[PDB]
Amino acid sequence: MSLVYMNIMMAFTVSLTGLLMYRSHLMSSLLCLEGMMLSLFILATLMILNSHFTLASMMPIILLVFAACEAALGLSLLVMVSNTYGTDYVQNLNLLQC
Amino acid sequence: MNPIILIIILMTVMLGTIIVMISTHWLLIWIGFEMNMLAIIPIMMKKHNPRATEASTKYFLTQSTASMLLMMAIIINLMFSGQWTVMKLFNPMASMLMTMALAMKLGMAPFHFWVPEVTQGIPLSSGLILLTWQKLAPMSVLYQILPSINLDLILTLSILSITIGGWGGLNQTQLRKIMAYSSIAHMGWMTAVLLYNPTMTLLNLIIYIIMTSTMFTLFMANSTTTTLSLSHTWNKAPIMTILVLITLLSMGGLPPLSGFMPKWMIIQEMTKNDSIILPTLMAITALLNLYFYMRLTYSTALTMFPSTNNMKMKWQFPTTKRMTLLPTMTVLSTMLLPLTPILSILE
Amino acid sequence: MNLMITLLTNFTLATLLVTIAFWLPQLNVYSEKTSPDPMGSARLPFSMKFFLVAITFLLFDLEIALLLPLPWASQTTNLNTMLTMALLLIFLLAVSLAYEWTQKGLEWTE
Amino acid sequence: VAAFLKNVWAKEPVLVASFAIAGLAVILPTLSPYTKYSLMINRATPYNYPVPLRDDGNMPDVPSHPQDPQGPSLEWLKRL
Amino acid sequence: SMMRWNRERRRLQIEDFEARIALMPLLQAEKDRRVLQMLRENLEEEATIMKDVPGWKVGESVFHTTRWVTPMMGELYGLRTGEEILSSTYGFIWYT
Amino acid sequence: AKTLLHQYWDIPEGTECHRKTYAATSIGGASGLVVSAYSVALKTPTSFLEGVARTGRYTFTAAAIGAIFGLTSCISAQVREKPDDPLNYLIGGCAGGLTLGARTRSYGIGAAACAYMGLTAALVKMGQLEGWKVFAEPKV
Amino acid sequence: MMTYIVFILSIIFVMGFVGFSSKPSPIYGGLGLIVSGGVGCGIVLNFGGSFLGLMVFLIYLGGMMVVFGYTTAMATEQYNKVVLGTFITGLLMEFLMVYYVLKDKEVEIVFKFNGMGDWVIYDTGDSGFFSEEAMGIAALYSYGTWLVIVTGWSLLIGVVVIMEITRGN
Amino acid sequence: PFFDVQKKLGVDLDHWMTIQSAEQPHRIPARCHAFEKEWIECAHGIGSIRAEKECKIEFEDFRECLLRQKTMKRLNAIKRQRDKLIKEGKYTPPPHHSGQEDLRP
Amino acid sequence: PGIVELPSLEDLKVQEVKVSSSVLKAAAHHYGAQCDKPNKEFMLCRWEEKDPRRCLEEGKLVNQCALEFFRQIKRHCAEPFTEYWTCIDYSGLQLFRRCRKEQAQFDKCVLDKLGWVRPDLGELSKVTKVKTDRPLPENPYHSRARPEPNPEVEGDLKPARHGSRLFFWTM
Ligand SMILES: CCCCCCCCCCCCCCCCCC(=O)OC[C@H](COP(=O)([O-])OC[C@H](O)COP(=O)([O-])OC[C@H](COC(=O)CCCCCCCCCCCCCCCCC)OC(=O)CCCCCCCCCCCCCCCCC)OC(=O)CCCCCCCCCCCCCCCCC
Ligand SMILES: CCCCCCCCCCCCCCCCCC(=O)OC[C@H](COP(=O)(O)OCCN)OC(=O)CCCCCCCCCCCCCCCCC
Ligand SMILES: CCCCCCCCCCCCCCCCCC(=O)OC[C@H](COP(=O)(O)OCCN)OC(=O)CCCCCCCCCCCCCCCCC
């Protein structure tokens, strides 16, 4: 298939493995999650423009809006963790081991 | 929480699951999962302690990862089919990604690693919603894509869920983690029979939701989250020990109880398809789930652990908690095996 | 293509003026300065209210993103449905504003 | 109900103007004689090519030429 | 004022669209002969290039159907120069 | 690693000992790398050197189990001249169990791994013989 | 070179993700995702997605990543080998993909991929006096009624949900 | 559980965006409208198991319309052999493949 | 698969309308009024055959009828037409509304010397009927045979023989 689709899929997998290998910050995890969402937006957009499938052109905007709402929810969770420990470090989120 | 806001948020949880169940477009499937997660996050943060914020953060991260893998599976389906019908997928890569996404949303092993934490971090009612209502939408999507689900992948997920949910509950003393590892093992049982007969998948899901709702309703009616506080129930309310006895013997699949009903039927549908080793090892691994159920019945009904003195004050008050459908769910989780051929209503 | 030329010219003029502004007084040899804030050394206190107005911006901006195809949407032949859903989206932005109002979310940055 | 209106018009006239403009925007397209013409103009606008019909022999309401009398006319739009 | 002027602008839009409609059969005939010209040129040059290659059928359709498929961009401008490729595939996107 | 098991089963029993031994060694090495990957995943080592030491230990342990399994099974099928016989994989599984006990430096684990892995390898041979399906395709 | 430009932008796009997947700090991570959003927007714009590209700017970058940078600015107090090694690793993996598919005109990571420029697969016609992408987005109000209902309900629920969980009571 | 509420009530909540061959604004066709119409009208009602083997040809034509893998592979072959014969000196382009001929209309 | 059938380059030779787009836009309404019939025959053939290779000759008739349109302008009214398409040609959007007096002079000269009436607002967008002698394409999509459907359900529903037949249950 098309050569640009390779790069958009590979970008999704790069942001996946960034989201699947944390360092310390929860914000870096949220950024990897939104990089995944951005790559999904780009790939859906290039297909829908490429196929001239007219009614799915509203689809990526929906894919934006919901997920950005999702992002807002994630930011609030980070802030609540940041209102508990002072930082957003994921190693402070370990009370549920016992 | 404001009760009007609580009602609107719970109707939004239900509306997300309904939009997953009734829609014919993959974007509306993804939208229903997004709406379900977005509305269920405040139900988990109902009490505002750091454990609920940690549980909601872990739940958000796993369900958001699953939603993004779901949308990548949808987008690859759009690549290789040009359409959006919620049916079989037209690429094994999209099938693998959607099976991974739904195994994450169900918390099947080895994506189980959020289920015992999050259930421990949230209250018992939100744990009831997580372990019963949050299974219905991904099992519906698995119900509709079973022409494209790889056999080896879903059976590996099934046996790994049954074994890990067996060995996980053997070390536990918290009741919510016990119900969570029980959840993992039962989801393994439900997806092991998905490609063979999905009616028995629906049967196992309904019987599991009845038994789980019975156990969480008993845990709420007695205000018990640990084994050792459940062991004070005989000195407070001796009927509840008999109820947790018969319901924990039913969740272990001991006949003549109703929880013997699914797994037997599952074996009954896996030997027709000439699989003998697999339901045998599944049923042998279910003895682990039975073992920690028997541990709880020894702690609660069949012996009497020592109580404290302040229990004498709690004798002077009856339970004013709304035990909604608790006799109904107790009957329907124990005495239902003579009505086993009712399962054809799920065909 | 003309747009890419124009963006490159604007970026090049901006980078040129920034390089000139950062390196024209560096040619002077003025002195080396030692120089050993209202807050003394205290950590940045988080305010919940700035985060609430930023999230309220994001949510109303998503509602704006839904509202943006209206000048093209008015050209449809299903005008009753288009008008109903347009008034419904502006009404849901208004209901989000009213719920943000009446639960004290717009307070001390009103 | 009249004292409430003067009270909120003295205290919060921005919100009174807001709910008044919003209420007019809601109810007034269902009361206007020109709302029919918006639909009529949007369906009179030819974005597409008017793909012709194969003449079978019995279509007296379909013209053979654009300057034929039968067919949809737009004198209502030229006049208004 | 906006009522009168937008109604006149809609009448002007309909006049422009009717001019477009009246010109479209000439443009469609020219476009059909244009794309068949380019495909026949590509077919003849494919015939005079792909002679050494074993088992090559010149003009072999990749579709099992015998229906006319609308030609792709690379099917028309694949053998031509990259300047015509750019001026036929990014020009409207890049035009100002 | 689906082709690993196929190139293990493609050689007939008691015929080519070296490539059977190498195929079982490679299958054990793949399984040991899987165990090593999940082990350094869920349990963080204190260093990179400790992590690769755990990885090499588990990989060499499982590879030695596979090597001595395939060697003992093929030599038993050679000297007994019985290729379709699950007693050969019984002795091979017990040899791999003694290998696991020597790697864990303990005799009780060795006898347990002998018994259970010998029964497991006998069951795998019987499933190869009578066509037992564990991932059975849906037929009805 | 200019016939490959969308592909070239995609390369920068992948490099941009290796900018923040290596996770140097959430602030440089936000900067890398902003640059990635701009170049992926350019990819969208070079197919004719003008409205969708300006949604990448206005709503993703100008709306959402502003809130990411804003929230990040209210954490991580203002003043690696792992980031450097992962960055050069992703760089080398992407340029090895580039080298393979440019010397072979075919590659196969998971699927087969052509090595020509992606201009080849476009359409050779016109849309008349409209943009097809614009009319398909404008049909959100005519054809997308249920989609508008569930989207607006999710946004209203999102406002309510943020005001619940951020209250702390 | 696909509770088919849309067919039970007769409402169209999401069938309109489901296929490319559906009703589109201003009757804009998809680039693979005809192939998808043929694949759907082949595969309609006969079930998916019979559709995978009795309608494979229309599905292959439709997938090859969508992704153009055979077309791009054929253009790769022609362009690669063409540049190889340019390198060998055995081929020269015509004037109408160099831009010297004042195009048609 | 099979070999695609392209027509020869001789089958694509026709006398081209080598005028600019403002010349075409200035003459557009009279072109739609006068060159109605072969244009609509061609576009009927073009939407029915779904193949340009089955539509060449009618297309040539379009390119035959356009030229006879322009010669009949070039013989009689070259000055008002030139003065009108130049003014149409000035505008970057080629507005009709900027050029109403040159339009009025061109319409006056054409209606006097040729009797052509300019079409009113609404007329050129009508759906017209076309009487052709070419046949209707019976399979314009070149569709092959469709598969036979599965056999439907018929017969009155009898009860289940011995009930569920589940292991020991008699009902
Ligand atoms: C003029 C118009 C009006 C005309 C009226 C005509 C009638 C007048 C009399 C009205 C009353 C009629 C009653 C129904 C008809 C007779 C049904 C019957 O006896 O079936 C025998 C049934 C089958 O034996 P059969 O000799 O082949 O059939 C004789 C007839 O042809 C049976 O006929 P069939 O072949 O058509 O039967 C169909 C099928 C026949 O059965 C089968 O095809 C085999 C499958 C049966 C279920 C096996 C499940 C095994 C696993 C679970 C075991 C649970 C634990 C056992 C009990 C523990 C303690 C509660 O039935 C079922 O599958 C339904 C399940 C069994 C329900 C039987 C009716 C119970 C109603 C009262 C319940 C009270 C509690 C009972 C104990 C709870 C367990 C049932 O026997 C058993 O399954 C053994 C267990 C006994 C069942 C209950 C017996 C009913 C009377 C109970 C009175 C004592 C209550 C003491 C206090 C409460 C318990 C502590
Ligand atoms: C093919 C199948 C398709 C689908 C079929 C239908 C599936 C239905 C699945 C139902 C799942 C129900 C999940 C629980 C109910 C949802 C709301 C909830 O959790 O309510 C609990 C409520 C909260 O009150 P609160 O005050 O917060 O409690 C804490 C005390 N301080 O109140 C309490 O805490 C009070 C304690 C009692 C609450 C128990 C409510 C149980 C209701 C469900 C019964 C079981 C399901 C129905 C039967 C099976 C149907 C398949
Ligand atoms: C039906 C059409 C569509 C309607 C929805 C869309 C409207 C568009 C505008 C959206 C506005 C969104 C936010 C509105 C929130 C209203 C509630 C409110 O603000 O109550 C609090 C306020 C007292 O103010 P306070 O709490 O102190 O806040 C600081 C400012 N002083 O209390 C007040 O100030 C009292 C204000 C309420 C009474 C207003 C009456 C206006 C009457 C206008 C004419 C009739 C209009 C009929 C339409 C329906 C009216 C209900």
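Chain letters run A, B, ... following the sequence lines, proteins first, then strands; residues in each count from 1. For the numbers below, each heavy atom of this structure counts, side chains included, while hydrogens, waters and symmetry mates do not. Whatever order the structure lists ligands and atoms in, that order sets their numbers, starting from 1.
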Main chain of [Y], side chain of [X]: is a donor-acceptor contact present, judged purely on distance under 3.5 Å?
{"X": "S158(B)", "Y": "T191(B)", "result": "yes"}
{"X": "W153(G)", "Y": "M35(B)", "result": "no"}
{"X": "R176(B)", "Y": "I122(B)", "result": "yes"}
{"X": "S258(B)", "Y": "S333(B)", "result": "yes"}
{"X": "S32(D)", "Y": "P29(D)", "result": "no"}
{"X": "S154(G)", "Y": "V150(G)", "result": "yes"}

With a cutoff of 4.0 Å, is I129(B) in contact with ligand 2, counting heavy atoms of the residue only?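 Yes, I129(B) has a heavy atom closer than 4.0 Å to ligand 2.
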
Give a yes/no on ligand 2: does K46(B) have at least one heavy atom closer than 4.0 angstrom to it?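 Yes, that is the case, since the closest heavy atom of the residue is under 4.0 Å from the ligand.
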
Show the atoms of ligand 2 that are less than 4.0 angstrom away from any heavy atom in [X].
{"X": "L128(B)", "answer": "14 (C)"}
{"X": "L136(B)", "answer": "4 (C), 7 (C)"}
{"X": "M329(B)", "answer": "44 (C), 45 (C)"}
{"X": "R322(B)", "answer": "35 (C), 36 (C), 37 (C)"}
{"X": "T217(B)", "answer": "39 (C)"}
{"X": "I210(B)", "answer": "49 (C)"}

Which N or O atoms of ligand 3 sit under 3.5 Å from a protein N or O, and how far apart is each pair?
unit_1: ligand 3; atom_1: 19 (O); unit_2: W101(C); atom_2: NE1; d: 3.1
unit_1: ligand 3; atom_1: 28 (O); unit_2: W101(C); atom_2: NE1; d: 3.1
unit_1: ligand 3; atom_1: 31 (N); unit_2: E12(D); atom_2: OE2; d: 3.2

Backbone, side chain, both or neither: what part of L202(B) comes under 4.0 angstrom of ligand 2, heavy atoms only?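 Answer for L202(B): neither.
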
By the salt bridge (charged side-chain N to carboxylate O under 4.0 Å, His left out) test, which pairs, at least two apart or in different chains, include something from residues 157-169 of chain G?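 Qualifying pairs: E164(G)-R167(G).
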
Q268(B) side chain to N197(B) side chain, donor-acceptor N/O pair below 3.5 angstrom: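 Side chains of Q268(B) and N197(B): no pair found under 3.5 Å.
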
Less than 3.5 Å apart, any donor N or O on the side chain of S183(B) or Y208(B) sitting next to an acceptor on the other?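 Per modelled atom types, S183(B) and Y208(B) side chains form a pair under 3.5 Å.
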
Step through the shown structure and confirm whether more than 12 heavy atoms of other residues, nucleotides or ligands are within 6.0 Å of [atom1] on [X].
{"X": "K104(C)", "atom1": "NZ", "result": "no"}
{"X": "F317(B)", "atom1": "CZ", "result": "no"}
{"X": "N7(D)", "atom1": "CG", "result": "yes"}

Name all pairs fulfilling the side chain to side chain donor-acceptor pair (under 3.5 Å) condition that reach into residues 132-144 of chain B, sequence neighbours left out, sorted by first residue then second.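 Matches after skipping sequence neighbours: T17(B)-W133(B), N36(B)-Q134(B), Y59(B)-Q134(B).
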
Mind jotting down which protein residues get a heavy-atom contact under 4.0 Å with ligand 1? Chain and number order, please.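 Within 4.0 Å of ligand 1, protein side: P256(B), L337(B), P338(B), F168(I), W169(I), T170(I), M171(I).
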
Show the numbers, then the answer: is there a side chain to side chain contact (heavy atoms under 4.5 Å, CB included) between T24(B) and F2(H)? CA-CA 9 Å; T24(B) 65; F2(H) 179 66; 3.5 Å; yes

